[PDB]
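Trainee: okay, here's the opening piece of the assembly, coordinates as they are in the complex:
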Amino acid sequence: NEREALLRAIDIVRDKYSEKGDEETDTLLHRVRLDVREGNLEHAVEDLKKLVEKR
């Protein structure tokens, strides 16, 4: 299904920014991953959008 495929993508990028010692982008995709999994897809986009806009 689509959602567990999404759960794959967040896992790849989240681990990558944990290595770089990025505890502002690693803590963030911990939040986004939970929202996608529970079904709060709308809130996930709002949370992620500000980071992309900023950096």
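Mentor: Perfect, I can see it now. Numbering: from 1, shown residues only, chains lettered A, B, ... in the order given.
Trainee: Could you use CA atoms for every contact and neighbour count after this?
Mentor: Will do.
Trainee: how far does stretch A:45-55 sit from the chain's center?
Mentor: 10 Å (CA atoms, centre = their mean, to the nearest Å).
Trainee: And for it, what's in contact with it?
Mentor: If you take CA atoms under 8 Å, 6 or more residues apart in numbering as the criterion, stretch A:45-55 is touched by A:28, A:32.
Trainee: for chain A, what spans make up the helices?
Mentor: Under the criterion DSSP state H, chain A contains helices at A:2-19, A:26-38, A:41-54.
Trainee: what distance separates the longest one from the middle of the whole chain?
Mentor: Distance of helix A:2-19 from its chain centroid, counting by CA atoms, centre = their mean, is 7 Å.
Trainee: include chain B too:
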Amino acid sequence: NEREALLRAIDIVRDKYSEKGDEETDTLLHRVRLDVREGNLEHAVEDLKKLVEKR
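Mentor: Just below you will find chain B, in place on the chains above:
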């Protein structure tokens, strides 16, 4: 259900504080939602009450 009503109520306030760009409150209600959703409410009021007294 008792816990289902609580879960929606946190979502109402949580969304309201992500649009305002508040990354202290919006981050905090991510944790409080998970504490209630899992069955550890006593730790939720420990995390929640410190924000209320501070703000």
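Trainee: Go back to the contacts of stretch A:45-55, now with chain B?
Mentor: For stretch A:45-55, the external contacting residues (CA atoms under 8 Å, 6 or more residues apart in numbering or on different chains) are A:28, A:32, B:18, B:19.
Trainee: Identify each buried residue in that stretch, please.
Mentor: For stretch A:45-55, the neighbour count (16 or more other CA atoms under 10 Å in any protein chain shown) marks residue A:47 as buried.
Trainee: How many neighbouring residues does residue A:18 have?
Mentor: Neighbours of residue A:18 under the rule other CA atoms under 10 Å in any protein chain shown: 14.
Trainee: Quick check, it in contact with residue A:29.
Mentor: No - at 10.1 Å, residue A:18 does not count as touching residue A:29 under the criterion of CA atoms under 8 Å.
Trainee: Could you pull up the residues touching residue A:30?
Mentor: The contact partners of residue A:30, by CA under 8 Å, 6+ apart, come to residue A:14.
Trainee: could you also fit chain C onto it:
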Amino acid sequence: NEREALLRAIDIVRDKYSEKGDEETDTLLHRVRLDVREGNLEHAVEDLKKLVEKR
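Mentor: Okay, chain C now, added to the rest:
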């Protein structure tokens, strides 16, 4: 269940770090318990490793 034993261990130390009001360590073991509860044990050790080295 052996994962339940790990989850109990995280609880004991997590509440031990909420009385002191340590909001660096406490928010960290929120993520670690979430990592262990789902199966991302490989990320949990890397997440917790950084805290051990500093402190």
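Trainee: Once more for the contacts of residue A:30, now including chain C?
Mentor: Residue A:30 neighbours (CA under 8 Å, 6+ apart): A:14, C:31.
Trainee: shouldn't residue A:18 be in contact with residue A:26?
Mentor: Yes - using CA under 8 Å, residue A:18 is in contact with residue A:26, at 5.3 Å.
Trainee: Residue A:29 is in contact with residue A:7, isn't it?
Mentor: No - using CA under 8 Å as the test, residue A:29 is too far from residue A:7 to be in contact (10.6 Å).
Trainee: Need the nearest residue in space to the residue nearest in space to the middle of chain A, chain neighbours excluded.
Mentor: The centroid of chain A falls nearest to residue A:29 when counting by CA atoms, centre = their mean (3.0 Å). What sits nearest to residue A:29 in space, not counting adjacent residues and going by CA to CA, 6 or more residues apart in numbering or on different chains, is residue A:14, at 5.8 Å.
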